[PDB]
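This document starts with two versions of one protein chain, written out as structure tokens and named structure 1 and structure 2.
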Structure 1
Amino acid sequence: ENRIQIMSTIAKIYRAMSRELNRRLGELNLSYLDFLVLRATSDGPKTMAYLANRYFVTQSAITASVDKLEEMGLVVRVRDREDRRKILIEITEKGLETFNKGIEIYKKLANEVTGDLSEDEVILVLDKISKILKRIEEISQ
């Protein structure tokens, strides 16, 4: 039925976008996950626990990505002044610059794939799947 095919198509779209994004972001020395870590920290410091839960990846995966971004000088580990173990991952100026480039790549790709859709069509689909997202997130956790 249709409700099943919408979710199944959403899944296939994600897999294909994941493959292509890892490919295009590769030129910025980033993996798709690395880019997500930058997107997440672009608007404020994030705990490593949040990163893992928000993007449904393992803790080691996040540790791996954070260490890499840190070595690359795109993020820094900030510790509380009184409790140095309270860690937050903060994006650096360089990190923001790279993130913005990642965004332009993401933007370009998005325009290509949604090419057969008009502005209004894009609008209709967006407003509706946002309902789906709201529900699954209420259900999943």
Structure 2
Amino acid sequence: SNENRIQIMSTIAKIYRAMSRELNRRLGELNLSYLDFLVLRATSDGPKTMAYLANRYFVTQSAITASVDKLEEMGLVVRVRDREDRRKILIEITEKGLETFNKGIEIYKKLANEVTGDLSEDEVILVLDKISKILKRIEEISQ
């Protein structure tokens, strides 16, 4: 019960933010921003409406349109009319977009590996065990 406890939590918070910043930069190698990547992730398992996209990531509708426009011009997704109500527009991922998405996943996995490089396989297991308990408690609380 020391100030070390709040330090663990704010360090975890700092890691999330820094990782997000670094992943965003590395995604630039595929000409994608982190959001562009998230739109591809969301459409990877099926077409989605613009509203679903905006709500899904708590982002403005406009930000979603810009991302889609960029992805469309890059041939990563296409706007298509909803077959059940052709007045609606769905964002559908293309084969290229799907392959670009998978490369984004590889970039993430590589970064995630790199970042824990100073830890041995045993330290990794130990850490995972400890923070998994932290996860369990916060989820029980914030249910």
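So that the term is clear: the rigid core is the largest set of C-alpha atoms that superpose within 1.5 Å between two forms. Only residues modelled in both forms are compared. FYI, numbering is relative to structure 1, first residue = 1.
**Q** Which single option from 55, 18, 90, 94 is at the hinge, given the motion of the rigid parts between the two structures?
**A** Of 55, 18, 90, 94, the hinge residue is 18.
**Q** Rigid-body comparison between the two structures: how many degrees does the smaller part rotate once the larger part is superposed on C-alpha atoms?
**A** Expressed in whole degrees, the smaller part rotates by 27 degrees between the two structures.
**Q** Report, in Å with one decimal, the C-alpha displacement of residue 108 between the two structures after core superposition.
**A** Value for residue 108 between the two structures: 1.6 Å of C-alpha shift.
**Q** Keeping the rigid core superposed, can you check how far the CA atom of residue 122 moves between the two structures, in angstrom?
**A** Residue 122 C-alpha displacement between the two structures, core-aligned: 7.8 Å.
**Q** If you line up the core, how far does the Cα of residue 13 move between the two structures, in Å?
**A** C-alpha shift for residue 13: 3.2 Å.
**Q** Sticking with residues common to both forms, list the runs of three or more in a row where every CA moves 2 angstroms or more between the two structures, core superposed.
**A** Flagged stretches (3+ res, CA at least 2 Å): 1-14, 80-85, 110-141.
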